[PDB]
Amino acid sequence: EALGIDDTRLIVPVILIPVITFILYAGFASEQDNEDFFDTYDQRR
Amino acid sequence: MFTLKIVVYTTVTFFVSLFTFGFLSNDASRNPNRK
Amino acid sequence: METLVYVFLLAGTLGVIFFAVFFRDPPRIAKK
Amino acid sequence: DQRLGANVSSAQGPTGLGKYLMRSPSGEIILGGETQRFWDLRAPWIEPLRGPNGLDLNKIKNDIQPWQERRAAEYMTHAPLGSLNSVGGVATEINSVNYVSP
Amino acid sequence: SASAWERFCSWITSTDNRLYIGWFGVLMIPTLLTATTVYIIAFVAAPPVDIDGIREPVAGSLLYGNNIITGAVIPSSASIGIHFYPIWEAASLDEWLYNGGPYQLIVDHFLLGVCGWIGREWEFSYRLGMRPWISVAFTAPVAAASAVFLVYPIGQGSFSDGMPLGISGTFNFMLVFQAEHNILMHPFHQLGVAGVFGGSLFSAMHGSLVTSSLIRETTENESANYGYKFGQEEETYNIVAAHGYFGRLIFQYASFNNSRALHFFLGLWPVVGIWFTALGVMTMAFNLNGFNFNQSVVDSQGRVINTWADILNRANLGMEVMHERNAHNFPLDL
Amino acid sequence: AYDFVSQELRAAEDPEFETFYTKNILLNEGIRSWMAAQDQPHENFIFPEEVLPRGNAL
Amino acid sequence: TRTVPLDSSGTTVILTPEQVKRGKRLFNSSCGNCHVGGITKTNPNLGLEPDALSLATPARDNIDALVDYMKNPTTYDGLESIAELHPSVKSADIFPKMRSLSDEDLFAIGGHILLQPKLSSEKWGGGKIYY
Amino acid sequence: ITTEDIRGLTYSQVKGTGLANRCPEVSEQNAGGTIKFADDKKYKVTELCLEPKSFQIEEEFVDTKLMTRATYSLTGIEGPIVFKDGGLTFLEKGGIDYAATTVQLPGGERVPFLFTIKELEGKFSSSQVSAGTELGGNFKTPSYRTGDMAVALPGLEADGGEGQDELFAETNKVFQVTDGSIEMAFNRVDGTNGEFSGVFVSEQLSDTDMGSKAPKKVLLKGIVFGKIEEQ
Amino acid sequence: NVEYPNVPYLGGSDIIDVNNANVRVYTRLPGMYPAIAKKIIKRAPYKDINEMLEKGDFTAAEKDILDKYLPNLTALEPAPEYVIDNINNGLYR
Amino acid sequence: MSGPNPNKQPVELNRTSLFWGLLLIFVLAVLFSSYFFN
Amino acid sequence: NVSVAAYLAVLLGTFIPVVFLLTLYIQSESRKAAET
Amino acid sequence: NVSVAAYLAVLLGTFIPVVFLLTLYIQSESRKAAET
Amino acid sequence: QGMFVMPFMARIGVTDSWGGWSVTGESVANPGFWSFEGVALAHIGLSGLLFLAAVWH
Ligand code: CLA
Ligand code: CLA
Ligand SMILES: CCCCCCCCCCCCCCCC(=O)OC[C@H](CO[C@@H]1O[C@H](CS(=O)(=O)O)[C@@H](O)[C@H](O)[C@H]1O)OC(=O)CCCCCCCCCCCCCCC
Ligand code: OEX
Ligand SMILES: [Cl-]
């Protein structure tokens, strides 16, 4: 049983919720600069 | 018991998704020495 | 009936913790 | 006990449960006693003697190969219980057995 | 101007919240609240649990005849073992209560919550611009809680062997652990005892040395604590005076001249001690027991001359033959 | 603080009533009975195998 | 002591200390896992206490009977052999640890088994009670 | 979920599924047969399985909820079927013939009971096994637990002449062997093999706490299966 | 139970009572274990000694072994608390 | 905002009121103790 | 004889308002003393 | 079972020092308030 | 038995309990959330929420 899933209705939230969170995160990331930097971390937000 | 299981799966997925996509959101920049 | 006393004491301890956290004396720097 | 005259499937334990063979929480025939927590064990010396309902009593009384007897007799003594000074057995044993499992 | 997710991340990682949430707190707060809720309601009103799996339930809640001391959330059934036992894996809710499912729920949520607490301590160390090794210090009690709640059940193959969520249950766990593993003779537990005793010794020593050499800043009619103002620049006590007193107490380099090295030692001794005792419990989960010195002294003929280890062995045998009544049908305890 | 009296009364009146405290009491009995013979040799405690408390004995 | 019975008639043999030490070592190496303390971890109804060895057919309270049991083990009644289940030089292919034991090794093991009932009495075969 | 369905599956896909304690019944494609008995060949009953459903306890008869998980079915019960007093009686001698299970009355209380048909001397109607024959008899239910002090109160055993006599029945753990009656009917009988299938109705007593609590009667109505072959 | 008068013969004395004792008590008598005692325990309930000598399937050599131990052997009323534990009885040392 | 509430007023209780309250409570306890106990 | 838990009623109903009055009086007296 | 008059012990020993601390705190706060 | 708020809970619908019984004497296999215990816990949670709201206001 993959991920403890025995009913196919359980897959709907497990896949769906990360999609919506990724949509919000993708709006955030599209707001960003997104070019390479030479440093230990990116100070641009 | 299935309704409780799907509610718990939804809640765990929601909070783990928030955790995962929050630490992907340039968490290293969120420090007082930035800029 | 002592279960009620135990619950009352535990709830009072938790209320003391709650008030000590959220209604604490706010720390401020003095002008010394 | 099956070979030396003792009906293992009807022997009631001290608490009314199975002393030798009992019923698993999923409904299979498993070994009784305190080893009921280890009913998920798969071993090459016991799988030929295991049906879809757990341990098959007929295959237990009929289909035992001697090498399985040797394996089970060997494994029951060198249990993974030892000490830091390499003393075998439980912590309440005397200093005569020198074994800690790899 | 910013995106909604950016504002959400700014609120989550905000230093203006009364209690810092952070991303580790996103995982920590609901897990800890779930564990706290289930623990409170199961400690007050939960039916007895068949911990040994032999259909002889043990009462642990206040409504079933327990006080604060004897009350506990009983570990799960030995029939369950270390099988995953949520509510939905039971036929009914009362079957879940009978087999000790609440113990698994509380333990899993509590371990996730304390991992989140470690991460959250790191996170608010990072947001404040301070050094992030308080979480390393907190890993030691987390290691001990994990050893007694998850690793020992993993080693012994049953969640019934984890430490009960109570006081008398904790004492029972200690006694059975001593009977079956002889933890007192285990050098890692001895290192842990040295860690806690030394931590108490060093806490009292540092507190007494600081309180002894406080710089006079108050009058006789007020507490000496008001001589220190929150946020002052100068030091509130004479470090040289305490160093001189402690150097003349034992010998002149038994003290730490450096306050930073002294505080590193303070944070190092008990953390390492608890790490070692937690790892000792983790190793005894897989039956790597403590030192066995039974019958180590014999006479010229070979008669056993007892030692203190043999009297300790007698006590361990007394605890061994009485623990888990009617759950042993075989001579050895393998 | 060896015992809670009400717990012992309820365990005596109800054989099915059991807490971890009662198990601790039984473990203490085991310690005493299996330890006193060699721990206090001046008393010359001779305990037969039938008076020694055992988990399988009951 | 170092004096154990040899024959069933009543003949006794005086054991050398080297024999006693070697028998103790071989008994702790080859028999300890099932005969720690003079008991049997796999069949607790029988043990290595002198009363169990003497009240048997044949009686195993001498050197030669113990050596014969290590060569041809039988049941407690004696009619049925247990060479498949019990280690023996007949079944050295079944139990690989027996292939190094010679007749002097069995002599030393039997001497150690007979010597222990006279050594810290009531502890040999008494189980965990006499610890 | 017949015997062919039992033998077709391996243990890898039955573990953790609950399909093992199902009391496999015969199908209608193999039913409609009969089993006869000769006057010279000895016969025995093997693989007698019983799966109880709808546990009811009188305390009127109120339905209960099961506390244990899948440890309530009996399987593999063997015993000789022996001619006695005109008919032929089934003597129970082996197999998993006991199940220590706990059920909860709808008031919060738990009543453990031992579902058993031990020492059964049941005889069944007619001299053949077909669709309609019923097997009934009386079994002997052993106590839930097996085999002098109130060590809690040393001052209770000082009262003089009457010491710890109030707490005597709880101290006196008495092994009590209650009796019960089992009535099973055979709905379908396989003719090729000695297999029969049907339902069973059981009435027995619950735990006595070794003679400390009143035994409540338990009513069990499930399904039954068994094989009749050579002895 | 608290009170049970018929328990010096469960291995506590020389005379051994059948159908109430474990198989471990037949190890005191040579030649009575693990054979013979199995026949006693399997068909447990006996009225007296002669019922054991007749209903048991004892071979002539086993009958001689029985003849060696007449006086330290008896058959009293059966107690179900000890009938259920005549093979294991929980004793292991 | 979160700060000085203008409606903050001090609360007084002089010694006469303290003694009257103590007398009232103790006399009420004396009166009603016989009825609570029975 | 005499019903129990009435000791709790009598003693708590005596103490709590007495506690309230004593606290009020001490608070008022200390405010007056700080006014000086 | 549970001994009576221990309710009185627990509740009074909980209340009285709590009463003392509450009175001290309120007195101190009112003295500070009148110091202003 | 001196029940005071139980009559008012039973007056307008709440008659079952999580213990499996009803005040009419019948047995309830599936009580649902709105039992006596459910109402009591809902009131406790409502009290906590109103307490937090009072603190905020
Ligand atoms: C004077 C004698 C003595 C001393 C000093 C110790 C000392 C110790 N023993 Mg020990 N022991 C002794 C005698 C002694 N023992 C005897 C005689 C026996 C035999 C009966 C034992 C048997 C024994 C066992 C069996 C075990 C110990 C363990 C321990 C260690 C405890 C670790 C601990 O609690 O901190 C670590 C901290 C924690 C466990 C707490 C976790 C905190 C979590 C992360 C957060 C909790 C938050 C909480 C839920 C909410 C707080 C409130 C909220 C409002 C904020 C410690 C070193 C244990 C050990 O080694 O550790 C694994 C252990 O398992 N002992
Ligand atoms: C979501 C809201 C909600 C709900 C559904 C309930 C539900 C319930 N409550 Mg409850 N309660 C609530 C909020 C709620 N409560 C709040 C916020 C409080 C704190 C004040 C309380 C305090 C409370 C107490 C103290 C008690 C209950 C009780 C009950 C139960 C019986 C109800 C009953 O008989 O009422 C009957 C209600 C009335 C007769 C009031 C009628 C309204 C008056 C007559 C209006 C008249 C003035 C009006 C303005 C007229 C002008 C308008 C007109 C022109 C139309 C029931 C389960 C009882 C119980 O069983 O306890 C568990 C009980 O004793 N509740
Ligand atoms: C068998 C050998 C191989 C295995 C053993 C390996 C040895 C381990 C220790 C060596 C590595 C660590 C070096 C010292 C640590 C350090 O941070 O140095 C920095 C300072 C050292 O002196 C400070 O040093 C400073 C100078 S400097 O910057 O460090 O160069 C100086 O400014 C300051 O005044 C001075 O106090 O730290 C300290 O003050 C702590 C010293 C003690 C810490 C190590 C000793 C172990 C203590 C017990 C361990 C806990 C057990 C508890 C169980 C109950
Ligand atoms: O429960 Mn806790 O410790 Ca695991 O081994 Mn077996 O079981 Mn019991 O003994 Mn050892
Ligand atoms: Cl066992």
Side-chain angles (χ1 to χ4, degrees), chain B, chain E residues 2-17 20-35 37-38 84-97 101 104-105 108-109 112-113 115-116 119-120 122-132:
Chain B
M1 296 277 89
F2 170 78
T3 308
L4 176 58
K5 179 174 189 178
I6 195 168
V7 164
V8 166
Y9 267 64
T10 308
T11 308
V12 174
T13 314
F14 171 77
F15 282 112
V16 170
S17 307
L18 288 186
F19 175 90
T20 302
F21 288 100
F23 268 132
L24 285 171
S25 307
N26 205 341
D27 188 73
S29 61
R30 306 179 191 277
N31 64 91
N33 270 336
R34 171 185 177 262
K35 298 183 66 62
Chain E
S3 58
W5 183 256
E6 170 60 27
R7 302 202 305 272
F8 178 71
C9 297
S10 296
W11 177 74
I12 285 293
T13 62
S14 180
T15 53
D16 210 6
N17 292 330
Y20 180 71
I21 304 177
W23 301 116
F24 270 102
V26 169
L27 285 185
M28 183 205 81
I29 296 182
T31 52
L32 283 188
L33 283 181
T34 308
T37 310
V38 179
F84 194 57
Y85 198 54
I87 308 183
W88 57 82
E89 272 303 311
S92 62
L93 184 59
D94 293 329
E95 166 178 311
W96 184 72
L97 299 181
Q104 294 198 15
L105 197 154
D108 296 358
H109 290 70
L112 283 178
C115 293
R120 181 169 163 266
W122 168 85
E123 199 176 357
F124 204 55
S125 67
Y126 191 69
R127 305 288 184 259
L128 291 189
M130 35 182 288
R131 315 174 83 208

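Note that these values count all heavy atoms, side chains included, but never hydrogens, waters or copies made by symmetry. By convention in this document, chain letters (A, B, ...) are assigned in the order of the sequence lines, proteins followed by strands, and residues within each chain are numbered from 1.
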Atom group of B:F2 that falls short of 4.5 Å from chain E, counting heavy atoms:
neither
Please look at E:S10 and chain B and tell me whether the side chain, the backbone, both or neither of the residue comes under 4.5 angstrom of a heavy atom of that chain.
both
Please state whether the side chain, the backbone, both or neither of E:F8 comes within less than 4.5 Å of a heavy atom of chain B.
side chain
Could you have a look at E:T13, E:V26, E:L27, E:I12 and say which one has the most heavy-atom pairs with chain B under 4.5 angstrom?
E:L27
Residues B:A28 and E:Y126: closest non-hydrogen pair is O-OH, 2.7 Å
Interatomic distance, E:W23 atom CH2 to B:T20 atom OG1 [nearest 0.5 angstrom]:
10.5 Å
Under a 4.5 Å heavy-atom cutoff, which of E:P30, E:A90, E:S92, E:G22 has the most pairs with chain B?
E:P30
List the atom of E:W88, the atom of B:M1, and the distance in Å for their closest heavy-atom pair.
CB-O, 3.4 Å
Within the distance-only criterion (no hydrogens, no angle test), does the side chain of B:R30 pair as donor or acceptor with the backbone N or O of E:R127 below 3.5 angstrom?
no
In terms of heavy-atom proximity below 4.5 Å to chain B, should E:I87 be classed as side chain, backbone, both, or neither?
both
Separation of B:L18 CG from E:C9 SG (nearest 0.5 Å):
9.0 Å
Ring-plane angle category for B:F23 and E:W122, please: parallel below 30°, perpendicular beyond 60°, tilted otherwise.
tilted
Scored by heavy-atom pairs under 4.5 Å with chain E, the best of B:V12, B:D27, B:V8, B:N33 is B:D27
